[PDB]
Amino acid sequence: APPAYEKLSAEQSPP
Amino acid sequence: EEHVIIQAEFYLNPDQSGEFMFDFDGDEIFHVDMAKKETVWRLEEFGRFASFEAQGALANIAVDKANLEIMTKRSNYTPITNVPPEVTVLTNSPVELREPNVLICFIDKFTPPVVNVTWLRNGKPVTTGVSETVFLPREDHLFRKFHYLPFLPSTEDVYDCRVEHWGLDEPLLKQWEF
Amino acid sequence: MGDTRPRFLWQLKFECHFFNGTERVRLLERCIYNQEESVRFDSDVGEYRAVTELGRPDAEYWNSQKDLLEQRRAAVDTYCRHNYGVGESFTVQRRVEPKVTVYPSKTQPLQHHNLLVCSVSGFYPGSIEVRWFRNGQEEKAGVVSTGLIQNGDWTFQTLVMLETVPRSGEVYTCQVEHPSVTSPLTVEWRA
């Protein structure tokens, strides 16, 4: 449980 | 600006190459090995101080891959313009004969993120104890990369950092010698 | 290399910029197709904005999603400040002292002249000041600095040379100021 780097999730694009 | 932390990712076709990394003031904290599905810490101690669940990076890469294909079509299939690298070779400390040192090959300001790098000692490739970084981000959206070669200084040895990139018409060789 | 097939690149970047520790934090999310940045979310703006015509569809679609817009607006705290604190102790507080040496260049092109070299290496962070002195008086002319070199391994180096016409008895001093040391580091070369 050492402090975890947190990601920002990639958003899905529209066509 | 005191500091900047950047989560940088990319997906490239048709190579099907992806990357996920974090950096602090231009230095890499870690990146995720897509193959081994694991977080690779730039300095070993970082992994004893923090953690990162690699799986989440894969998730993002999948989305990046799907968005690239969407963007490829949306742009009327416009390809990237190759930008060749600027290459320099330095030691990390002043060289003293018979005193262990490290040669650093700096590959900078290029895109796309694909390159071939080889260390040559007197014309022949050296692979012993060598290492390298993944592709690091730049504000102009091009990339940086570093290769390393530990060596024992000699008055007789001549070294070259041999670099190939689609933006170059022939191998680029940057030499260094004592 | 061969394989001249066309390449297509997509980059996603989340930049967390910190000022005065974490008193001021800005999140700059940016999407880049090949070499063109097409869409972004600037915490100082609050919503996705198209940088080029290519990103308009994403800005629209993304701004339509309210939950996304909210998590993004709070990212400065749940993401930026969170990650800044995770590594504060071994990044922001990292301090490696430079190794300083002075030596005459092994290549002297001019008789009666002596190109002196001050090598400063293995330090962190990159913020540093290197000065040359002649008999304790700062030399502001004839100085050549290679500039700051980031080694890629959480370490930096820099080389500062001085053009000189040495006269016996003179004392040349290279002085280095860096956050790792409290008083300047000095290394001298005597003519």
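One-based numbering along the chain as shown.
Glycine residues also receive a Cβ, built from the backbone N, Cα and C atoms like all the rest.
Annotated features, as they stand in Swiss-Prot:
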- C:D58, C:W62, C:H82, C:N83, C:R94: peptide antigen binding site (BINDING)
- C:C16-C:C80: disulfide bond (DISULFID)
- C:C118-C:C174: disulfide bond (DISULFID)
- C:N20: N-linked glycosylation site (CARBOHYD)
Say we define neighbours as other CB atoms within 10 Å of the CB. Which of the recorded positions C:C16, C:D58, C:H82, C:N83 has the fewest?
C:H82
Among the recorded positions C:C16, C:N20, C:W62, which sit with their Cβ under 8 Å from a Cβ of chain B?
C:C16, C:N20
For C:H82 (peptide antigen binding site), which of the recorded positions C:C16, C:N20, C:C118, C:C174 has the nearest Cα in space?
C:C16
Under a three-state reading of DSSP, tell me whether C:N20 (N-linked glycosylation site) is helix, strand or coil.
coil
Surrounding CB atoms that lie within 10 Å of the CB of C:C80 (disulfide bond), all protein chains:
23
Intermolecular Cβ proximity, recorded positions C:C16, C:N20, C:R94, C:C118, C:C174 versus chain A, under 8 Å:
none
Fewest other CB within 10 angstroms, which one of the recorded positions C:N20, C:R94, C:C174?
C:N20
Shortest C-alpha distance to C:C16 (disulfide bond) - which of the binding-site residues C:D58, C:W62, C:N83, C:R94:
C:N83
Check the DSSP secondary structure of C:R94 (peptide antigen binding site), expressed as helix, strand or coil.
coil
Round to the nearest Å and give the CA-to-CA distance linking the residue listed as 'N-linked glycosylation site' with C:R94 (peptide antigen binding site).
16
Give me the CA-CA distance between C:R94 (peptide antigen binding site) and C:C118 (disulfide bond), in Å, as a whole number.
24
Distance [Cα-Cα, Å, rounded] between C:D58 (peptide antigen binding site) and C:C80 (disulfide bond):
23
Given that the record lists C:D58, C:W62, C:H82, C:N83, C:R94 as binding peptide antigen, what is the largest C-alpha to C-alpha distance among them, in Å?
39
